[PDB]
Amino acid sequence: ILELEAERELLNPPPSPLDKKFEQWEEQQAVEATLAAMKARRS
Amino acid sequence: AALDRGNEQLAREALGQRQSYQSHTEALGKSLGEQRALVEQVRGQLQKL
Amino acid sequence: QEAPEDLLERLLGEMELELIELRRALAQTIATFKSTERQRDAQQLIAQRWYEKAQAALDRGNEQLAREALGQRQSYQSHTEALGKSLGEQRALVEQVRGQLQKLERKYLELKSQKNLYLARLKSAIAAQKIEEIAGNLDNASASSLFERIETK
Amino acid sequence: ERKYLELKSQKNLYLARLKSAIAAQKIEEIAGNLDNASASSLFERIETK
Amino acid sequence: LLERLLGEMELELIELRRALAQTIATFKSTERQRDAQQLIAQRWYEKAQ
Amino acid sequence: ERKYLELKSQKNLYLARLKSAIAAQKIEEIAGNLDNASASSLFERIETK
Amino acid sequence: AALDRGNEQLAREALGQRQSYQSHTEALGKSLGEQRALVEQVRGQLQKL
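Chains as they are written, first to last, in my numbering: chain A, 3 to 45; chain B, 57 to 105; chain C, 4 to 156; chain D, 111 to 159; chain E, 37 to 85; chain F, 111 to 159; chain G, 57 to 105.
Below, the structure written as structure tokens:
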């Protein structure tokens, strides 16, 4: 099992942690912007 | 609706929920905007043949 | 020798079977995980009952029977602990495999949504040269078939 | 008699994990993700043809 | 000789890939063994305490 | 893995150029252009016969 | 986008990331600009033959 998993992963590299950091940061920015626009539109 | 009554927490969780569906919508729109021109071209080829 | 486009539908059918196979296997896994949890609950219940008997035996100052019952309780306590350990281990693994199944089930239909377009484009491309062979357009006189051999004959 | 059912309680989990792992590379072969262009099958041979 | 040598290299590449996979596997296995050993040591330390 | 496909991306061009070069002298042999009368084949042996 | 909000660090890392892809783009453009003339010449030869 470990061999097959490692081989499949070796054929196609998973995303680097930097990519994860970037996507997490930008989705945080997105949710903040959306909630801010919502709570501002109500007033 | 959840933001109303000042219950910001549920609003935050729902806005977080919305993101996956937004992303899937974007991906599908991409794929369709791609495929359209190809079916147009193949239809033209069929006419000519 | 087989044609490459023919392998497409074959491999997709194979994968289609293999997906439901995986689903059935995961179902059976969930089943016994539930069964083991039930067994653990029954064991700890029996241990609690023996504890109640020991408590009752201590009443009336009959300490000896209380001692024997408390000694009896230990094996069931140990078995409860072991089963709790095993379950706390297995849970995360079934979570991970369920996630994997979700992702695969999505990717499969993702590919099935383009198999057809590829087949159509390939068939059009074949038909192109198919009738370009017969009765060449004679943009160049390099080669024409079935309308020149007949004409020359 | 105890140890036997002990092992039977994990045979199934092992089989499930192995089948999932196999299926992973099974459809990773067809239509590679093209994270790298090192090799892709059944969607490039068709495209190149 | 061109196509012959290219086919040979094509085989040899996937061979190398498989070997590296097996290497990664046992490296993980050895790490797991180390963790188990240090866990047992910690348990004996608890008993001593 | 990168360098391999790098070379595979030019094997074909080399083969094509070589085949063209061979075909050049192949039909230059038969029915020489007679820019010089040094040697012509299969259209002079027939003519002389 | 990362430079916006004054987060210069992520901008620096992303700009560093961009360089490898820029270099690969340049190399491939080089190779194509090379190959074009050769296929033109061989096509002309084929016509004449």
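All C-beta atoms, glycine included, are put in the ideal place defined by N, C-alpha and C.
Between residue i and chain B, is the shortest Cβ-Cβ distance under 9 Å, so that the two count as touching?
i      : result
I134/C : yes
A34/C  : no
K41/A  : yes
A138/C : no
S116/C : yes
Got a sec? Which residues, its chain only, sit under 8 Å from residue i by beta carbon, not counting five neighbours each side?
i      : result
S147/C : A138, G139, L141
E154/C : none
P16/A  : none
Any C-beta of chain A sitting closer than 9 Å to the C-beta of residue i?
i      : result
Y114/D : no
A67/G  : no
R74/B  : yes
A57/E  : yes
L88/B  : no
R40/E  : no
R54/E  : yes
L84/B  : no
Using a Cβ-Cβ distance under 9 Å, would residue i count as near chain F?
i            : result
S130/D       : no
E82/E        : no
residue 36/E : Coverage of chain E is limited to positions 37 through 85, which leaves residue 36/E absent and any answer about it impossible.
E46/E        : yes
I'd like to know whether the C-beta of residue i is nearer than 9 Å to at least one C-beta of chain G.
i      : result
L144/F : no
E28/A  : yes
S150/F : no
Please confirm whether residue i and residue j have their CB atoms less than 9 Å apart.
i      : j      : result
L86/C  : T35/C  : no
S127/C : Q103/B : no
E136/C : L149/C : yes
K41/A  : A57/B  : no
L37/A  : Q135/D : no
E9/A   : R53/E  : yes
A45/C  : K56/C  : no
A133/F : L105/G : yes
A147/D : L117/F : no
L4/A   : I60/E  : yes
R43/C  : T83/C  : yes
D60/B  : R43/A  : no
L20/A  : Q73/G  : yes
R101/C : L29/C  : yes
Below 7 Å CB to CB, which residues in the same chain sit around residue i once its five sequence neighbours on both sides are set aside?
i      : result
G62/G  : none
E154/F : none
Please decide whether residue i counts as near chain E, where near means a Cβ-Cβ distance under 9 Å.
i      : result
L125/F : yes
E5/A   : yes
Determine, for residue i, whether the minimum Cβ-Cβ distance to residues of chain D falls below 9 Å.
i            : result
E157/F       : no
residue 1/A  : Nothing can be reported for residue 1/A, as the shown portion of chain A is limited to 3 through 45.
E154/F       : no
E9/A         : yes
residue 48/A : It is not possible to answer for residue 48/A, since the shown part of chain A is limited to 3 through 45.
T83/C        : no
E8/C         : yes
Any beta carbon of chain C sitting closer than 9 Å to that of residue i?
i      : result
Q91/B  : yes
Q103/B : no
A133/D : yes
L94/B  : yes
Q. Is the segment 46–59 of chain C touching the segment 67–82 of chain C in the sense that three or more CB pairs, one from each, lie closer than 8 Å?
A. yes
Q: Give a yes or no on contact between the segment 38–57 of chain E and the segment 116–128 of chain F, applying the rule of three or more CB pairs nearer than 8 Å.
A: yes
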